[PDB]
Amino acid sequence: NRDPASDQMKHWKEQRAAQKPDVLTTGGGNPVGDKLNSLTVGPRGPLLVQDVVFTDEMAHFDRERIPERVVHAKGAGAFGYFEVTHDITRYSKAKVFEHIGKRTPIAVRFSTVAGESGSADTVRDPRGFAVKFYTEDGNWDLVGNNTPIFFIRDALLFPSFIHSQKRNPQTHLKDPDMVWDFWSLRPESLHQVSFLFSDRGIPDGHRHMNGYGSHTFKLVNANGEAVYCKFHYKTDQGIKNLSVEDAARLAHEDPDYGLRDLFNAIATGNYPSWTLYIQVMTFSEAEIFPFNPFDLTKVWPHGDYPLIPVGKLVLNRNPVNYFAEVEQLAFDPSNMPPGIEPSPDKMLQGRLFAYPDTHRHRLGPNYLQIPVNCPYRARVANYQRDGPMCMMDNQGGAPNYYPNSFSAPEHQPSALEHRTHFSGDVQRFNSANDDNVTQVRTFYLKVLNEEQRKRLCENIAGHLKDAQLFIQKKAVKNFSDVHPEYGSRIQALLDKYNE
């Protein structure tokens, strides 16, 4: 035989075996006599408007496509569960961490960042690793990546960053001038750029990569006491990457390498797993941290803030219909149940708005009613009504204003957010200089060895060689600030490339 993925139809047919074909109908449920020949006057005559079989089917075909995700368009999904294995109730009261052995269903979507829906999986790019927890207190979406950090630290630079990574607005071609002019002008990108151009830049499928929340988050316990945290979910299959050589080969031999790998792993029973950890920081410590605790361009040293086990994530089910279950999947960082709150991270703050907003556009106003997006483990009861494609019963005839004297849904005091104190002027504080090299120099010296640093520079130079000399100069100058050797090596490569 061949892989399970390849036998998808063969298997569907087999699953039906005995049963005979169902009757083919129009969208309105009308049986059709012949869906292979159009209705005309005479065998060589005109098509009739009276052929509603044709119109019904073609019209739907004409409307199959929806906008792809503005970012992370190319992805793959699966479903499974989360199981608590350690008690962290001292930090969070979230019913999802409620007690060891507690399992909560989950939905996951892996993806690249820049490429469109037709792009290849095995290419250098960060990797999305979004997890949706269907908890009793509604859904909790942990929208992380395969890296604990990011290129920028203020949401205002996000649209620009993404544009620099995508296509030139006139030629529609990738543009090295755009990529590096941006990166060279914004030195804060050094930390994640180093990671991206390291071996971890091209993971071997979605099962051999780590997942992180990246953002500092806030956990609150049953006492009302809070602590800041970081979510870490390490791959139990272990880290494994593709050489720049195999990745290019797979890019054309099988652009859906990641998708195929995941589906087959699950179909064969080789369920992928991750171990979820959290490193905790107290407000006292946060106020002492040598760096901005909420600066997305920085990590919390494992030595000072050890990883603590929380539970395990297992994907043991492939989607049945990809469009309905994966393409329409929607993760909102703002989706947080009692016990988990956001931090002041400027990037996370912006994401609180961005996701539901883009989901209302890409999917629709009632996108939370799409099966895979419904918090089906909780009871949605509120004063929201109508909107296009209003499914279910739209909460029936329940009073639609609050407060009301007719017993409609009520407050839940115990669900109040944790109160924190803040003081300062309301202004746009520049964070462009919040130390852009310190942690990068260490990544470059302690995280990577001599051979890894070797590839790191070859990959950077291989891409940067296409940018204008003045951009290469600014670019090199930045790497040099991190460490003189960092810049010198790349400059050496560029001198050769520039021949």
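Just count from 1 along the sequence shown to find any residue number.
Problem set entry | Of 192-200 and 108-116, the stretch whose C-alpha atoms average the higher B-factor in the entry | Higher mean C-alpha B-factor: 192-200.
Problem set entry | Between the two ranges 346-354 and 223-231, the one averaging a larger CA B factor in the entry | Between 223-231 and 346-354, it is 223-231.
For this session: Please pick out which of 176, 387, 413, 399 has the largest Cα B-factor as recorded in the entry.
Result: Across 176, 387, 413, 399, the entry lists the biggest C-alpha B-factor for 413.
For this session: Just grab whichever of 429, 91, 134, 217 has the top CA B-factor as deposited.
Result: The record points to 91.
Exercise. Considering only modelled residues of the same chain, in which third does the CA B-factor of residue 100 rank: lowest, middle or highest?
Worked result: It falls in the top third of the chain.
Exercise. Taking the C-alpha B-factors as the PDB entry records them, is residue 313 in the lowest, middle or highest third of its chain?
Worked result: Its C-alpha B-factor belongs to the middle third of this chain's values.
Problem set entry | Chain-relative CA temperature factor third for residue 456 | For residue 456, whose C-alpha B-factor we compare with every modelled residue in the chain, the answer is the highest third.
Exercise. Thinking about Cα B factors across the chain, which third does residue 212 belong to?
Worked result: Its C-alpha B-factor, which the entry lists for residue 212, ranks in the middle third among residues of this chain.
Exercise. In terms of the chain's CA B-factor thirds, is residue 161 lowest, middle or highest?
Worked result: Its C-alpha B-factor, which the entry lists for residue 161, ranks in the lowest third among residues of this chain.
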